[PDB]
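Heads up, the chain below is alone and in the form deposited in one PDB entry; it's given as structure tokens.
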């Protein structure tokens, strides 16, 4: 009844803050710990007490109340969302596969290869792959020739993603030439990519739909938009990842569907995901 739960920072779904130097988390935040190494010549480290908040953290609070469990939340340090590397899962997915966490909560995209190794709750945030550009860029979608056959254009279109997540996995599987072209434009994170778009070093950024819709909603001047009036390729959702055969899945699924049906979910969307644009 006391559960190990892993998460990963990605605003606005999970936002990480320093604790009051009270050592207590206050307001709408919950304790979360991070393993921080002492140095790079030892395996020693310290757990650092942090405070976590956000859309997904509000979901976890409701599930904990409804399904009736308590938890110790921690931030993943081995990878990010989850990638299979030499047949071994890392990230939040790996923490669940290797039974270090009972569940993984965050901006965790449901796809087929992850579903082979963890159970996923019903989706609670719609997502997919979207494309962010400067307003007025004419790009039909991922199937645009500028993406699929980029050296047919002079100069070629400059577009990239953040590697190692569900979006790069999808592109690698679907568009081999596009994938090998775009790795030159790999972005270290969403913030770097938005700076690159705004200063004209990148023409398009391909990434998780829910995060890009959030960023477009808060862009200074509403200059960056997602293409196709917020079009999504490979529609899916974020889901709570559980161990295969977990005895919590049924209740967690029923509770998430209850939050959707009774209005609790649209409240969190208004609270966390609105934007001015």
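Positions refer to the first chain, counted from 1. What we label the rigid core is the largest C-alpha set whose atoms superpose within 1.5 Å from one form to the other.
Beyond the structure shown, there is the form deposited in another entry, which is absent from this document and is the topic of what follows.
Only one of 152, 116, 72, 126 has its C-alpha shifted by 2 Å or more between this form and the one not shown once the core is superposed, and that residue is 152. In this overlay on the rigid core, residue 100 has a C-alpha that sits less than 2 Å away from its partner position between this form and the one not shown. When the rigid core is held fixed, the Cα atom of residue 231 travels 2 angstroms or more between this form and the one not shown.
After superposing the rigid core, the Cα of residue 90 is displaced by less than 2 Å between this form and the one not shown. Cα-Cα spacing of residue 41 to residue 84 is reduced in that other deposited form versus the present form (difference of at least 3 Å). Between the C-alpha atoms of residue 270 and residue 228, a gap narrowed by no less than 3 Å is obtained in that other deposited form, as opposed to the form on display.
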